[PDB]
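To start, the structure under review is shown below, and the notes come after it.
Protein chains: 4
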Amino acid sequence: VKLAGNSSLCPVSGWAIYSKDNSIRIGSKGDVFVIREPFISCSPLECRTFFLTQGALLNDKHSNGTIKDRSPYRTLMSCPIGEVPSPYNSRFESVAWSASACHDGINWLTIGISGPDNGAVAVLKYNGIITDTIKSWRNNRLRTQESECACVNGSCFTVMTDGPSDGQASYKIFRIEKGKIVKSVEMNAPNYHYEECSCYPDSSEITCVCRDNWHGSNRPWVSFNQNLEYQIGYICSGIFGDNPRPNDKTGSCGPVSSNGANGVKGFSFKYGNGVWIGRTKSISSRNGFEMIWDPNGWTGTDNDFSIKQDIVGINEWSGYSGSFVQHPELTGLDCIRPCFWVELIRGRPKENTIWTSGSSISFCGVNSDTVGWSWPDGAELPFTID
Amino acid sequence: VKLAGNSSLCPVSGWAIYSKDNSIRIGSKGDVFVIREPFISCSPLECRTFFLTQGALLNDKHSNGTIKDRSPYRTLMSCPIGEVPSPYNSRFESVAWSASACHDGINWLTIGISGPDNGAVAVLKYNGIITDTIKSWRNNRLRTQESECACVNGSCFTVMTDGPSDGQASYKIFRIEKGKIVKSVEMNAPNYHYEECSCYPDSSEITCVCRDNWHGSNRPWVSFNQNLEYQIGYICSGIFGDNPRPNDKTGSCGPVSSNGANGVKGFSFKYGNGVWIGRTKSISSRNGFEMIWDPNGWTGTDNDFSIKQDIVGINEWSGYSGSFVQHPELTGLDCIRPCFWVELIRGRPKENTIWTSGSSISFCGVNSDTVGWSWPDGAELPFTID
Amino acid sequence: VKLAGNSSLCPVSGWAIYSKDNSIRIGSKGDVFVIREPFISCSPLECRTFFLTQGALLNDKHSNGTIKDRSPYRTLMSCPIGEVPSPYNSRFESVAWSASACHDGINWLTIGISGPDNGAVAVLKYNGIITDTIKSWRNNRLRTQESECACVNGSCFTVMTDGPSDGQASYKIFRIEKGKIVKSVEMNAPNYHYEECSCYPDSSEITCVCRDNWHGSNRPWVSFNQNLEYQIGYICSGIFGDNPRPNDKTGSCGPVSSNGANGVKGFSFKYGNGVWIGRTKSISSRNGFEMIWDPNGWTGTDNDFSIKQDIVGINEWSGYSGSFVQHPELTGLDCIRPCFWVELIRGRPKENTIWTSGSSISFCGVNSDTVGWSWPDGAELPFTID
Amino acid sequence: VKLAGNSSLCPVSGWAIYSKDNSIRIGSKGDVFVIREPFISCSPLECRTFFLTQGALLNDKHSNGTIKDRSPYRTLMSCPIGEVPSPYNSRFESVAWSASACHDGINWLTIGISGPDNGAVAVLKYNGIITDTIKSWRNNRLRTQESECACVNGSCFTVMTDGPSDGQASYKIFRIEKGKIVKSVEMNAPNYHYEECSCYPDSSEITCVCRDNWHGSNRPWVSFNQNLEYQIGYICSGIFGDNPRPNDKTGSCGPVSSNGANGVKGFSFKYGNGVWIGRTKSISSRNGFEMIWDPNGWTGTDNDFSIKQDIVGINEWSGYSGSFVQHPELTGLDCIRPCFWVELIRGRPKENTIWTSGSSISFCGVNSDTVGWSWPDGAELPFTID
Ligand SMILES: CC(=O)N[C@H]1[C@H]([C@H](O)[C@H](O)CO)OC(C(=O)O)=C[C@@H]1NC(=N)N
Ligand SMILES: CC(=O)N[C@H]1[C@H]([C@H](O)[C@H](O)CO)OC(C(=O)O)=C[C@@H]1NC(=N)N
Ligand SMILES: CC(=O)N[C@H]1[C@H]([C@H](O)[C@H](O)CO)OC(C(=O)O)=C[C@@H]1NC(=N)N
Ligand SMILES: CC(=O)N[C@H]1[C@H]([C@H](O)[C@H](O)CO)OC(C(=O)O)=C[C@@H]1NC(=N)N
Ligand SMILES: *[C@@H]1O[C@H](CO)[C@@H](O)[C@H](O)[C@H]1NC(C)=O
Ligand SMILES: *[C@@H]1O[C@H](CO)[C@@H](O)[C@H](O)[C@H]1NC(C)=O
Ligand SMILES: *[C@@H]1O[C@H](CO)[C@@H](O)[C@H](O)[C@H]1NC(C)=O
Ligand SMILES: *[C@@H]1O[C@H](CO)[C@@H](O)[C@H](O)[C@H]1NC(C)=O
Ligand SMILES: *[C@@H]1O[C@H](CO)[C@@H](O)[C@H](O)[C@H]1NC(C)=O
Ligand SMILES: *[C@@H]1O[C@H](CO)[C@@H](O)[C@H](O)[C@H]1NC(C)=O
Ligand SMILES: *[C@@H]1O[C@H](CO)[C@@H](O)[C@H](O)[C@H]1NC(C)=O
Ligand SMILES: *[C@@H]1O[C@H](CO)[C@@H](O)[C@H](O)[C@H]1NC(C)=O
Ligand SMILES: *[C@H]1O[C@H](CO)[C@@H](O)[C@H](O)[C@H]1NC(C)=O
Ligand SMILES: *[C@H]1O[C@H](CO)[C@@H](O)[C@H](O)[C@H]1NC(C)=O
Ligand SMILES: *[C@H]1O[C@H](CO)[C@@H](O)[C@H](O)[C@H]1NC(C)=O
Ligand SMILES: *[C@H]1O[C@H](CO)[C@@H](O)[C@H](O)[C@H]1NC(C)=O
Ligand SMILES: [Ca+2]
Ligand SMILES: [Ca+2]
Ligand SMILES: [Ca+2]
Ligand SMILES: [Ca+2]
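Residue numbers (the entry's author numbering), protein chains in the order written: chain A, 83 to 468; chain B, 83 to 468; chain C, 83 to 468; chain D, 83 to 468.
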């Protein structure tokens with residue numbers, strides 16, 4: 083049966099640890115894929131870990147130069163949550179160097195972008211069967227969420243970006259039914275920059291928190307209903323969400339130009355005028371991670387918060403993060419549960435190796451007692467292959 | 083429920099990438115079978131990758147001399163599409179150095195040919211249970227499709243060849259029900275040569291595009307109905323389909339003797355008087371791959387085409403190719419979807435190794451935007467074992 | 083359907099061997115997790131082996147320093163009984179350095195304790211979904227059974243400990259329904275010490291046999307009904323159950339202070355005034371294992387027994403042991419079958435390696451002919467990595 | 083539904099190849115169990131390969147001294163037919179150095195014998211749950227079929243042996259229902275020797291062809307009905323079935339004392355007064371294998387045959403062989419199909435290695451065209467570990 087998506091988000095006071103795979107530690111001897119850009123998505127029965135492979139195993143010579151973002155060898159694959167991405171336990175999804183996946187209640191939807199940087203094609207699959215296609219319309223690295231898409235009342239929604247990563251680009255919202263695109267709208271967003279959106283369903287509508295790689299150290303957001311009537315803006319909080327970023331001063335409801343160039347994929351959960359910000363602890367590199375509750379952060383511009391929860395220590399490597407949700411028809415709850423994952427990147431450019439990969443931790447939002455701690459990657463680099 | 087097979091082929095303007103396994107790259111460290119002659123076939127539930135193993139793993143000493151075509155150690159096995167052929171994730175099918183497989187809607191049919199070159203026996207299995215047998219009738223390397231068989235209204239059809247590979251041989255069409263041969267007809271084809279046919283269902287009838295190893299650089303074809311009433315001929319197009327071949331001149335509706343000796347397994351889709359030819363880019367070796375749409379290529383002899391789509395680059399290794407189809411009762415579409423796979427051969431005779439193996443890419447025919455690119459094997463030879 | 087848990091324990095005269103995984107022997111070359119604290123639990127369909135990983139494989143550098151009890155890399159995972167804990171065949175359960183699991187008849191309940199030693203959090207999952215949480219209330223290493231919990235008429239029960247391991251601590255019994263804590267009671271037990279309880283259902287009530295790490299070489303027990311009305315005491319037998327321990331003299335119904343400090347996790351089955359004691363053969367280290375039937379051992383203090391069955395030889399390594407049960411709705415029997423497992427620890431501190439791990443054997447209680455023997459670990463240390 | 087077992091054996095003129103695993107060749111690099119005594123058994127859904135592990139992998143140090151027959155580390159495990167016995171794809175069955183397994187139509191029955199040579203215990207499991215037990219009654223290596231048991235109308239039947247292997251021993255037939263022994267009869271067989279019986283169902287009755295290790299180069303047989311009313315005798319054929327054996331002279335209906343000491347496990351199918359003998363090609367060692375049809379071999383004593391089919395070449399290693407059957411409710415046929423497997427032993431005592439193991443081939447009896455050939459093991463010894 084289709085996921086309704088009409089209920090609100092569950093009240094959350096803390097984040098309980100859900101999964102840890104230990105990919106790089108196990109990959110030291112085991113047959114584990116060299117991956118990056120992992121994300122979690124749930125069906126009514128199970129939650130799966132999606133990831134973009136480099137078509138190579140850890141501690142093997144083919145992992146050479148895997149800092150490279152896009153190649154013909156990259157494939158989207160999935161394994162059960164908390165397990166290592168192995169050739170022996172992973173399910174093939176698509177050929178992709180950029181990806182998105184979600185379950186509507188009946189079947190899996192996957193989106194796999196492959197091809198040249200000037201003509202990339204998104205291949206849409208519903209239950210493993212190709213159902214539609216989208217070509218790059220700006221001929222400049224067609225790219226998508228790198229996290230799960232959002233589904234409401236039988237439709238699934240995604241955001242795609244085409245154009246430069248250091249200037250004004252083109253941003254489109256898609257409405258997809260049974261793997262077929264039924265509607266799409268280009269966003270009227272001058273001076274905005276949307277990339278790698280973390281989108282979640284809330285009260286029959288979708289909220290995406292994205293990455294401004296152009297000139298924003300705070301995060302851009304986009305909200306829309308099923309007809310794709312959207313709103314745009316930035317998170318106003320003085321507690322900035324991207325990386326790199328400045329120190330916490332007064333925030334802006336437009337793009338914070340200071341330390342605005344570059345970025346990292348992230349997420350945030352809106353609760354009225356308040357926001358749950360997940361961010362790196364460091365302001366200059368991808369190190370550490372923390373959940374922060376700013377009761378006025380979504381619309382207000384000050385740098386105040388009432389809750390901080392440690393996830394990864396200041397001196398430990400982190401990386402990508404993203405939102406996922408668990409629906410009522412999975413949990414039995416009457417609200418939509420917010421969860422998140424964190425990618426822990428190891429290797430290049432920061433470490434003296436020939437390779438780049440990442441493992442994953444995940445947390446779910448509860449309304450009971452929790453604790454801050456550091457759950458780092460734990461691998462001892464360099465490897466035999468280095 | 084049985085596959086009907088009464089509908090036409092879906093209109094196709096381009097080919098979207100469906101799967102890539104990265105077998106040789108992963109096999110560098112992982113436990114991956116040394117294979118050749120892979121093919122894809124689909125049930126109403128899933129698509130599987132079939133392959134002929136050499137009974138040995140990559141980067142192991144037992145892969146020595148695996149350029150050899152036929153041995154007692156070769157077995158037909160299958161794994162899910164896009165996954166690596168591993169001993170830990172593959173299903174055993176038959177003991178075979180030549181194979182064919184297809185799903186009638188209810189159960190899998192596999193055909194496995196093993197035995198001596200002068201008395202080979204095809205073992206037919208329906209749902210894993212031996213249901214029939216065929217002995218070599220010319221005592222000269224009984225061989226079959228190396229791709230999937232075609233099924234229409236509860237029957238499945240195959241083509242087998244017995245005799246020389248550089249002269250006139252014997253060619254038989256088989257009709258199989260629930261694993262048992264109910265009818266067979268020898269083809270009256272003097273001056274023709276049929277080997278390794280790629281067969282597909284279309285409007286309650288079967289079209290096979292095969293390999294003329296004798297004296298044909300263009301491809302032979304055979305069409306038949308359920309009663310095995312057949313027609314024979316060659317693809318008339320001036321864009322020649324086999325490898326090795328000449329340059330593109332005026333074609334013939336008989337065998338093109340020029341560069342006619344030897345060959346490679348291939349496929350083609352008939353659309354009225356038009357043909358979708360898949361072929362190597364090189365004319366002298368198994369390198370590159372491209373899809374070409376000749377609107378008049380099936381019956382006309384000129385060398386004109388209106389669409390060319392790149393699949394594998396001119397300098398990159400390719401190999402075998404074959405057709406597969408997805409039926410309406412799998413896709414939900416009202417037509418039969420044409421797809422294809424490409425084997426990418428690495429090692430002997432062209433490379434300085436002790437072994438020979440191949441990985442696989444696959445594409446499905448869509449009527450929306452697509453792109454040409456190169457999706458090569460990607461392995462760095464020689465291996466530690468060499 | 084829910085497990086009733088109203089029937090008695092089956093009469094047992096001997097213990098038949100149920101499973102042996104050979105983890106360390108296979109882990110010498112294979113990809114097997116470095117584990118400790120394994121336990122078995124059964125659903126109405128299957129029995130599974132639960133275990134706490136160190137997030138590393140055997141014979142790999144990441145197994146360095148795995149004598150360490152608690153880390154952020156430890157995860158609770160399960161595989162089918164008798165199989166090796168491998169990344170390729172194991173199911174992820176929780177992030178935990180202390181664990182408990184049980185099936186109520188409908189779904190799995192897992193309890194995973196992770197976090198700092200002064201703020202640890204137990205994460206409760208029902209069918210893989212977080213359903214509740216418990217924080218450390220003494221801020222001193224919140225710890226649980228390391229064996230399966232007990233379930234009766236739709237509820238599941240566990241025991242947790244918080245405080246010192248060489249003095250008076252705090253002990254709580256929990257009643258859990260569908261993953262949610264519905265009732266909890268702190269035990270009024272001055273001069274008692276409860277740790278790592280082996281709990282089993284018997285006649286709609288629960289009996290736990292635990293570990294007194296403080297000052298007891300005999301084992302403490304706690305019995306309770308569904309409303310958590312409990313009784314406390316020690317096993318009176320002169321045949322002492324813990325390790326280290328003294329020689330067999332007259333026992334006490336209170337804690338036997340002699341050789342009382344430290345300990346090991348164990349189990350015992352009450353049959354009226356009689357007890358089935360499972361214990362190490364050695365009195366100073368974790369070596370050997372034996373089942374002993376003392377017809378008066380539960381309430382009487384003498385050192386007499388009528389049955390002794392050998393399990394592991396005196397010179398062979400053992401370790402943890404625990405109870406598990408098989409219910410009527412699994413076996414078809416009209417009573418609850420008692421079974422047990424034994425962890426066989428190899429490596430540090432007793433062996434010259436960089437690592438510590440354990441394999442597992444298991445036995446079930448039958449009322450027919452059996453035999454004593456030694457089923458040791460069988461691995462030849464040190465390993466290549468040492 | 084229960085297997086009826088009332089129908090006759092299918093008429094067989096030849097043997098088509100069913101499976102080949104290539105265990106030792108793949109085990110050279112892959113993680114494959116060191117095994118011996120493999121056998122095949124089928125349920126109404128699938129056929130499985132059962133095998134006795136040594137609790138160690140090939141090309142690992144723990145495979146040292148695996149020529150040893152009985153240890154505490156040996157376990158009975160099963161994997162799907164034609165697949166390699168791997169820790170990642172195998173199901174655990176029992177702890178055993180002697181085994182038997184069969185499916186009654188509803189659930190699997192396994193028999194696992196472990197323990198000391200003077201007190202061994204057979205542990206009976208039905209659907210993975212211990213249901214009964216048998217102790218050694220002669221205190222001299224209690225041993226069983228090493229092949230599948232036979233099932234008729236809801237009961238399953240086995241043969242066990244206790245006593246010396248070079249003199250008169252004790253032989254018992256068991257009738258088992260739902261894992262419980264309901265009847266057993268000791269065979270009145272003075273001057274006979276029964277070991278490692280291959281038993282099959284035929285017309286509501288069971289025929290076992292066994293091994294005379296004492297003084298018989300021809301094979302002993304035992305037939306019985308469901309009430310265990312038995313007949314005993316030897317295969318009269320002048321074509322002797324065991325190994326070692328003499329040359330083919332006139333046979334005896336009693337034990338052929340000439341070259342009678344020692345032996346190997348085998349099988350034979352009775353068809354009236356005729357017999358399908360499977361045997362090694364060599365008369366002094368375990369080399370080669372062949373199927374021979376003697377139309378008068380069961381009751382007549384001459385050395386004539388009308389069909390010989392090659393299976394393994396004279397210079398290639400063989401080993402154990404055994405019968406298996408496929409029932410009507412699996413095949414859809416109205417008769418019981420006879421099949422067989424062959425173990426191909428490699429290593430000690432005949433080869434310069436530290437280990438001993440075996441791979442497996444299997445054939446099923448068809449009434450259509452077949453071929454003789456050699457399907458050897460194919461591994462190149464010694465291994466890196468030697
Ligand atoms: C499609 C693509 O190449 N996306 C890039 C991403 C991107 O370049 C930035 O957002 C700027 O546009 O950068 C990063 C990154 O780690 O910052 C990795 C992503 N790699 C992959 N998704 N494979
Ligand atoms: C049955 C058999 O040996 N088929 C051969 C095939 C064949 O020799 C040619 O078509 C000429 O007859 O050649 C090739 C080839 O790569 O050209 C591989 C096939 N190998 C395997 N299918 N194993
Ligand atoms: C939670 C925790 O650290 N438990 C410890 C346990 C414990 O220290 C003693 O019972 C004393 O309190 O000791 C041992 C032990 O081998 O004795 C291992 C356990 N390790 C793990 N369960 N990981
Ligand atoms: C139970 C047992 O040890 N059975 C032995 C078997 C036996 O010794 C002979 O039949 C003589 O009694 O010999 C052989 C053999 O290869 O000849 C292997 C078997 N090994 C195993 N089944 N593990
Ligand atoms: C969710 O959908 C159901 C079924 O349509 C309906 O009962 C309910 O109103 C929706 N939830 C909310 C919170 O409106
Ligand atoms: C990686 O690639 C670089 C250059 O492409 C080369 O110099 C180096 O040797 C490679 N390293 C390995 C381990 O293959
Ligand atoms: C396919 O078979 C169905 C059922 O027999 C029938 O409705 C239809 O006519 C067939 N399709 C075509 C295109 O004729
Ligand atoms: C492969 O075989 C050839 C001859 O058969 C031999 O000379 C060579 O050493 C072998 N190579 C390996 C790696 O086993
Ligand atoms: C077990 O529960 C069933 C169903 O409620 C009941 O028949 C029975 O009384 C209980 N068993 C015992 C031993 O009381
Ligand atoms: C283990 O760690 C110690 C110190 O932490 C170090 O000296 C040693 O080299 C390590 N051993 C291995 C095999 O990594
Ligand atoms: C097999 O059993 C069925 C059902 O009892 C019966 O029809 C038949 O007589 C039996 N088969 C034979 C060959 O007697
Ligand atoms: C095997 O064992 C023997 C003696 O038990 C020993 O001499 C030899 O070194 C061992 N070999 C290996 C490879 O472990
Ligand atoms: C979509 O589903 C049903 C039927 O189309 C409709 O009643 C429901 O309100 C719609 N979902 C929404 C509005 O989210
Ligand atoms: C075969 O199936 C049915 C019943 O035999 C028949 O009606 C149908 O037309 C046949 N299939 C064809 C002609 O493709
Ligand atoms: C709990 O289950 C049912 C319904 O609540 C009740 O009848 C039964 O007696 C209770 N279980 C017990 C007392 O163990
Ligand atoms: C056993 O099964 C049924 C019911 O007990 C009986 O009718 C049948 O004849 C028996 N099976 C035999 C005789 O093989
Ligand atoms: Ca930015
Ligand atoms: Ca040719
Ligand atoms: Ca103690
Ligand atoms: Ca003999």
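The beta-carbon is built from N, C-alpha and C at its ideal position, and this holds for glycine as well.
- Exposure of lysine 262/D is indicated by the presence of fewer than 16 other C-beta atoms within 10 angstroms of its C-beta.
- If the five residues before and after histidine 297/B are omitted, its C-beta is found closer than 8 Å to the C-beta atoms of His275, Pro337, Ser339, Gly342 and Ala343, all from its own chain and listed in chain order.
- Around the beta-carbon of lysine 363/B, 16 or more other beta-carbon atoms lie within 10 Å, marking it buried.
- Listed in chain order, the non-local C-beta contacts of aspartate 392/B below 7 Å within the same chain comprise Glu372, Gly454, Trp455 and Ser456, local neighbours out to five positions each way being set aside.
- For the options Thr148/D, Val94/D, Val241/D and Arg225/D, the alpha carbon positioned closest to that of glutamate 268/D is the one of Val241/D.
- With distances taken between CA atoms, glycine 370/A lies nearest to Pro326/A out of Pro326/A, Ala204/A and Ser405/A.
- In the three-state scheme derived from DSSP, where H, G and I count as helix and E and B as strand, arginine 173/C is classed as strand.
- For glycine 137/A, at least one C-beta of chain B is nearer than 8 Å to its own C-beta.
- Between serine 95/A and chain C, the shortest Cβ-Cβ separation is not below 8 Å.
- Under the Cβ distance rule, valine 448/D counts among the residues neighbouring chain B, one pair being separated by less than 8 Å.
- Here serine 105/B carries a helix assignment [DSSP, helix/strand/coil].
- Annotation: the continuous beta strand (DSSP E) that includes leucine 158/D extends over 157-162.
- Interface annotation for the segment 219-232 of chain C against chain D: empty, criterion Cβ-Cβ distance under 9 Å.
- Listed along the chain, the chain D residues whose CB falls inside 7 Å of the CB of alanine 178/C amount to none; the nearest CB is some 24 Å away.
- Cα atoms of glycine 354/D and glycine 236/D: separation of roughly 26 Å, rounded to the nearest angstrom.
- Counting other Cβ atoms within 10 Å of its Cβ, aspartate 459/C reaches 16 or more and is therefore classed as buried.
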